[PDB]
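*Asks:* Everything below, folded, please.
(9 chains)
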Amino acid sequence: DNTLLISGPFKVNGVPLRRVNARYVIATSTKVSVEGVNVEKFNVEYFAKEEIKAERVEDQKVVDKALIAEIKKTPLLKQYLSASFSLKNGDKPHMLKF
Amino acid sequence: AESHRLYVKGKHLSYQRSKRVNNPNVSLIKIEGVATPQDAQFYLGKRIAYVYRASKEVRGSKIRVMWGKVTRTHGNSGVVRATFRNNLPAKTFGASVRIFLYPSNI
Amino acid sequence: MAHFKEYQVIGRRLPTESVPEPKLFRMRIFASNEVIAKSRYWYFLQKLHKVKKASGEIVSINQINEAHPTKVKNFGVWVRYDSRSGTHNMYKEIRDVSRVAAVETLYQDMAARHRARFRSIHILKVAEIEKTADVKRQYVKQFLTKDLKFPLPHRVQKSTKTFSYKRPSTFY
Amino acid sequence: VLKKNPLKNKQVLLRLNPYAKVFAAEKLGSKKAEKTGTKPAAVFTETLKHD
Amino acid sequence: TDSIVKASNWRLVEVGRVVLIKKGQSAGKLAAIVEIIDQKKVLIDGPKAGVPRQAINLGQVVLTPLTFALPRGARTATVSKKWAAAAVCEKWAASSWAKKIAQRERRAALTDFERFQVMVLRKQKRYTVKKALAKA
Amino acid sequence: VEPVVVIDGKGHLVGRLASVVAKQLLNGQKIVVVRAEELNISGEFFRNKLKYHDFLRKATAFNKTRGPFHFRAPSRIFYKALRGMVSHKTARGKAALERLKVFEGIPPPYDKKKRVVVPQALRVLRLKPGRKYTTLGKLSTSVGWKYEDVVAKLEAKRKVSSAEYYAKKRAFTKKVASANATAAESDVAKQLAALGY
RNA sequence: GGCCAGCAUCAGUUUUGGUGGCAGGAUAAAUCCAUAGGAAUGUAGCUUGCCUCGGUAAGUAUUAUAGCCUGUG
RNA sequence: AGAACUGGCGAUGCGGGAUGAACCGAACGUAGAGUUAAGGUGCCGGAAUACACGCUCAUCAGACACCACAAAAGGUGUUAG
RNA sequence: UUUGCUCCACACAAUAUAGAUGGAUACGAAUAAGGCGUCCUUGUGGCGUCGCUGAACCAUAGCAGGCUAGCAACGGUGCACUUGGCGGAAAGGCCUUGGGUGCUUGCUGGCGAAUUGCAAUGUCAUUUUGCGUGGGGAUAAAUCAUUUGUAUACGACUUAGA
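*Replies:* Numbering: from 1, shown residues only, chains lettered A, B, ... in the order given. Below is the structure:
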């Protein structure tokens, strides 16, 4: 459904397996390897709708494990994810090479 | 942190106008950090919000918003045109608007 | 007029059963395009000989370019110009890289110093002076002086922001 | 009911003008020429460079 | 007891003066005054920088304090030769002004993660420096 | 961007500073102008004095209390020039002019704050060297302003106190430059140099 | 199934950019290279005074411990 | 005051000329988007305190059509011939 | 003069905002000149560097910024106190002493943050008023009327009266 799937990872910055939209994100240049992750399971039925579900929490754990493990392989990347973005004075988004 | 800002801060200038006529349906915006049309092209299509306050509590909030979106550049100096859903009431000449970074494309 | 160019316009009488192959005149015209070129051509031939665009023909419209657009030259220019109360002649000296450029700043010079327009100005001749000492104008000779060196005092920095924080200087 | 421009919309540009297909195939807007070794006469060059 | 005169040293326009094109196509590049045309026009050339040989205005360039040796009205290969034999690009990069230009460029080319890193390193440095200032 | 902008009219030209200021006010900026006694006008003194006298001849004949009001102080000469550039008979104009403030000297709230300049309004940049300029405190004194020496005494006092402040500031900045360039040998500082700092 | 919105894929009108290929001209002019000639806002060198070594003031010399202009290709 | 030929005001708004019956541009169904005319882009005022060449400093400057004025005559004032 | 008035602290209502959201970050003079640093025999001195603009500097990581356990260091910074000093041009601010208390992202770790369910300022500022609680504090005047005439068309002005 023309969406992006995301994880924080949830243990890193508190963001679970979540749907987002492409026109509401800044693609940075910083790239971990998705190789070694099993995200094919997920779908609009997963994120369907009618307290937290065991499927949701356990699947978050399973993705977080491998993803955090790959994230250790880069210095200060965990702390980068833990931090939040904010525009400071003089920051001009049309000249920030994200 | 100290900051929580994901919006560029701009100013509402006059409406689109001649010397002696105005079009309320198009407002002119000055985006901070923007002094060229080639830079304003980044901000085309971006959402604008004028946030204001009122005494009457309407749905949990005393704060109200007018949404708009950038449409084209205006002039040579980075000034920009915007068109809001319900136009800006002209009391806001010199007031501050919030140019957001969505719809994003980098 | 505009950013000028130099053309040769070659032109002719319309051939007749009496006179086939007429004499083929030519002019070096300074103009920003071929249209103004051919127009000036018929202007000056309609002065000089019994011809007009109706009774005549344009045989060639060719562009002339500087052989050396990077060598600095000292041009003499002979001018005729209609003033308000009278018409006069002139010689001028222009140190520049090209004839088109010299003639451009000439038209500007005449506009500024004598309030003369493109319509008033003819260009009698434009000629590079091979050697110094055949120059007659101090405002070219003083740059022809040897070992030339000068500063540009009082350097102004064009600002971007409308508020500064430094109280600038003019060092240079 | 609605006019559609060719030069966008290849579909109308192809119902009009069948030849646009092969024009695009052979590209026929960047057709390279055959190079000829002609030189202008000395009379021409002298006239062009005459004072 | 001798006479005192400051004289206000300027950087001059002269055959050999090396300029910094700031606007145009070149626009941030080095060139050299081959010949002087008028109070405002000079013929410049930088062949190592790609700069074509051309007349330009002294307000469209800015002079540099660097200077090398050229004879009047020299051709493009000659000025390339003497440029290299003076090795003046090395001097310009040695300058504290080229460094500032590159500082601006790098700061611009920074990404969000390099910028977070900059931040962390600055916090560490200021910890050290404020500790050292409490002492001296 | 800054909430209040304290401009220092020393060296500035009245009209150019005035137009810059007016537009900032209308765009919605608080500007306060200080040291307007040091503000410059182009041309010579006698000229600008005559222009003032021409303005001074003008007066509603049947009641000169109704007439144009000829303010003498440099701050008010500036205000006159600038209200000519604002649409001042509107609510919007009034609001802009309330965002504005003007002073002879640098009074107590703004002597401890930074002052700024406007390069498109500065005499030294704009005017060609040679051309004669005028000084507005001298003009104002000639056409009636009284308090040119009170401002001079108070500014002498202020300059003393500020020079002492700057001595302290400069000493501490020497200390800090020492403390920084001793630490531009660490791996962290070389990493900063790599990244651009 | 009513009001207010968002994304994608399309149609029409339009605006602002990035980029590729091709032709014409003196089949750009130049630059660059080669070649002939030339001089000077005369380079090296030489001759003569000043000469605190050094460089200067002239004379010669036109490529030499720098270059330049012109013509041809 | 009176004729000739066209074009207009009258009878007609809109954009510009501050302002104006007739000048410039363009003629009017209700809207919306884009592009422009004339005129303009310091601020009043939408849009460059733009780029470039030069002239002028007025102890009476000058600032663009209709148009709301200035002449003869003079000046080792400055600039070019 | 009803157990009213005022200042401070808190709590609750309403009142709107010419319009916050990382920081208004302090020499002065010059512009055909200066700033910074250094040295001396302290000047209109020598030497060096800088400027070509604030795209600078400071700050800025954490449930709108949570709870935790340590390592290093004796630093930074918030609050309520507190020592002294300076500042009247509209000072009402600038600096500084001592400790109490917290936080520290200077470094390394643990837990948590999910459903706002693909975005909707998603409220996290300032001003004023009013009833209410805890306390402290002060506890008069004017006008009408009478009166006077240095005053007066009427108002007003000048005067007096326990």
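
*Asks:* in chain F, what residue is nearest chain A?
*Replies:* Nearest to chain A in chain F, going by CB to the nearest CB, is residue F:1, at a distance of 7.6 Å. Every C-beta, even on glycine, is put in place using the N, C-alpha and C of the backbone.

*Asks:* check contacts around that residue.
*Replies:* Going by CB atoms under 8 Å, 6 or more residues apart in numbering or on different chains, residue F:1 touches A:89, B:9, B:32.

*Asks:* What is the burial count for residue B:26?
*Replies:* Close neighbours of residue B:26, defined as other CB atoms under 10 Å in any protein chain shown, add up to 17.

*Asks:* Contacts only, for it.
*Replies:* B:15, B:16, B:71, B:81, B:82, B:83.

*Asks:* can I assume residue B:56 sits in a strand?
*Replies:* Yes: per DSSP: H, G, I helix; E, B strand; the rest coil, residue B:56 lies within a strand segment.

*Asks:* Settle this for me: it is touching residue B:64, isn't it.
*Replies:* No: counting by CB atoms under 8 Å, residue B:56 stays clear of residue B:64, with 9.6 Å between them.

*Asks:* residue in chain A nearest to RNA strand H?
*Replies:* Of all residues in chain A, residue A:94 sits closest to RNA strand H, at 17.2 Å by CB to the nearest atom of the strand.

*Asks:* Tell me if I'm right that that residue and residue B:34 touch.
*Replies:* Yes: assessed by CB under 8 Å, residue A:94 is found in contact with residue B:34 at 7.3 Å.

*Asks:* Can you classify the residue most central in space within chain C by secondary structure?
*Replies:* Central residue of chain C (CA atoms, centre = their mean): residue C:103, 1.6 Å from the mean position. What three-state DSSP gives for residue C:103 is helix.

*Asks:* Contact partners for the residue nearest to it when sequence neighbours are not counted?
*Replies:* What sits nearest to residue C:103 in space, not counting adjacent residues and going by CB to CB, 6 or more residues apart in numbering or on different chains, is residue C:30, at 4.9 Å. Contacts for residue C:30 (CB under 8 Å, 6+ apart) come out as C:4, C:5, C:6, C:99, C:100, C:103, C:123.

*Asks:* again, but for residue B:82
*Replies:* Residue B:82 sits in contact with B:26, B:27, B:28, B:29, B:48, B:68, B:69, B:70, B:71, where contact means CB under 8 Å, 6+ apart.

*Asks:* From RNA strand H, how far out is residue B:90?
*Replies:* Residue B:90 sits at a distance of 12 Å from RNA strand H (criterion: CB to the nearest atom of the strand, to the nearest Å).

*Asks:* how many neighbours does residue 19 have?
*Replies:* Using chain A. So residue A:19, with other CB under 10 Å, has 13 neighbours.

*Asks:* Hmm, no, I was thinking of chain E.
*Replies:* A count of neighbours around residue E:19, defined by other CB under 10 Å, yields 24.

*Asks:* In the sheet, which residues pair with the residue nearest to it when sequence neighbours are not counted? Tell me.
*Replies:* Using CB to CB, 6+ apart and skipping the chain neighbours, the partner closest in space to residue E:19 is residue E:61 (4.0 Å). Counting by DSSP bridges, residue E:61 forms beta bridges with residue E:21.

*Asks:* Do I have it right that residue E:61 meets residue E:46?
*Replies:* No: checked against CB under 8 Å, the pair residue E:61 and residue E:46 is beyond contact range at 10.8 Å.

*Asks:* Pull up the overlap in contacts between these two.
*Replies:* The overlap between the contact sets of residue E:61 and residue E:46 (CB under 8 Å, 6+ apart) consists of residue E:31.

*Asks:* how close does residue C:118 sit to residue C:32?
*Replies:* 10 Å (CB to CB, to the nearest Å).

*Asks:* coming back round to it: now render the contacts of residue C:30 as a markdown table, adding secondary structure and distance to residue C:47.
*Replies:* Listed next are the contacts of residue C:30 as a markdown table, based on DSSP: H, G, I helix; E, B strand; the rest coil; distance: CB to CB, whole Å:
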| residue | secondary structure | distance to residue C:47 |
| --- | --- | --- |
| C:4 | coil | 21 |
| C:5 | strand | 22 |
| C:6 | strand | 20 |
| C:99 | helix | 22 |
| C:100 | helix | 23 |
| C:103 | helix | 20 |
| C:123 | strand | 14 |
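
*Asks:* will you turn those into JSON lines that also has distance to residue F:156?
*Replies:* Putting the contacts of residue C:30 into JSON lines (distance: CB to CB, whole Å) gives the following:
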{"residue": "C:4", "distance to residue F:156": "61"}
{"residue": "C:5", "distance to residue F:156": "65"}
{"residue": "C:6", "distance to residue F:156": "67"}
{"residue": "C:99", "distance to residue F:156": "64"}
{"residue": "C:100", "distance to residue F:156": "61"}
{"residue": "C:103", "distance to residue F:156": "61"}
{"residue": "C:123", "distance to residue F:156": "65"}
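
*Asks:* Now for these: which two are most distant?
*Replies:* Farthest pair in these (CB to CB) is C:5 and C:123. Separation: 13.3 Å.

*Asks:* Off-centre distance for the helix or strand containing residue C:143?
*Replies:* Using DSSP states H and E, residue C:143 falls within helix C:138-144. Distance, stretch centre to chain centre, for helix C:138-144: 20 Å (CA atoms, centre = their mean, to the nearest Å).

*Asks:* Do you have the helices of chain E handy? List them.
*Replies:* For chain E, the helices defined by DSSP state H occupy E:76-86, E:88-94, E:98-109, E:112-135.
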